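Single chain ahead, written as structure tokens, the form deposited in one PDB entry.
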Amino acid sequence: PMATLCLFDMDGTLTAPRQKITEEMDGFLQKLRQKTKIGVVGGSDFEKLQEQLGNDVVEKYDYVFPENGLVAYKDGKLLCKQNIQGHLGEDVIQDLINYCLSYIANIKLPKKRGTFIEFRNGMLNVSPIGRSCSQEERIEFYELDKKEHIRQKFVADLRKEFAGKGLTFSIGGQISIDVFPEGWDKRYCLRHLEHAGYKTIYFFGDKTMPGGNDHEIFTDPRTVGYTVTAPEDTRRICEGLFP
């Protein structure tokens, strides 16, 4: 076990998106854990991982990397911590926030709500409609956006305004744009693993194509990456690697 690590994205890879892991998947993972170390990484925060993977998540995985590894647990205890304001500084943080606030104020939408800017440890989540919107409101924006390309234009303008300042901008989900320091995608968690001496770090994700949130870690030479369709696919591949 100790020589290799199977590192899994959570949403769409270990669980159905935003849903609790199944008892079958949980049983499979602990059996797999007898043959390899296992870890989980995702953009969601620790409390969301607890809700989906169990309150005892840090005991069920050898590594737990909420927020792409900006928060990190090894063997049930916290590793070092970093956050966006500590890396970027308050001036750049405020420039980013001010630009996004002013930009959103000039977008004409059917509806606006609240939580246009969600401040997290490893990123800002920015939404023209507001992340507190209801499901009916979220789908309405999503369908409008696929026609008007509001988020695509926003991302392009952000890249122009902040070129060279060390930030990455990405379309996220149905209503948001993710703003984060370059390299603070899932690859960040590799910082906690690359010197541990594992013979192989396998990675499994469901969004490995360009623009997806597994793409960079999937293509990173430090991992042996696999694309999965759903948790059943993850099991099938893992059974082949660790019979």
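Rigid core (definition): largest C-alpha set, two forms, superposition within 1.5 Å. Numbers follow the displayed sequence, beginning with 1.
Averaged over their C-alpha atoms, the temperature factors of 56-64 and 170-178 are higher for 170-178. As listed in the deposited structure, the average C-alpha B-factor of 233-241 and of 4-12 is greater for 233-241.
Out of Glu90, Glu148, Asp75, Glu118, the entry records its largest CA B-factor for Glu148. Annotation for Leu79: C-alpha temperature factor in the middle third relative to the rest of the modelled chain, per the entry. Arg159 sits in the middle third of its chain by CA B factor, as recorded in the PDB entry. When the modelled residues of the chain are ordered by their C-alpha B factor, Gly212 lands in the highest third. Looking at the C-alpha B-factors along this chain, the one for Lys199 belongs to the highest third. For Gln85, the recorded CA B-factor ranks within the middle third of the chain. Only modelled residues enter the ranking.
This next part talks about the form deposited in another entry, which is not shown.
Once the rigid core is used as the reference frame, the Cα position of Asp157 differs between the shown form and the other one by 2 Å or more. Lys112 is among the residues whose C-alpha shifts by 2 Å or more between the shown form and the other one once the rigid core is aligned. With the core held fixed, the Cα of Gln52 is displaced between the shown form and the other one by less than 2 Å.
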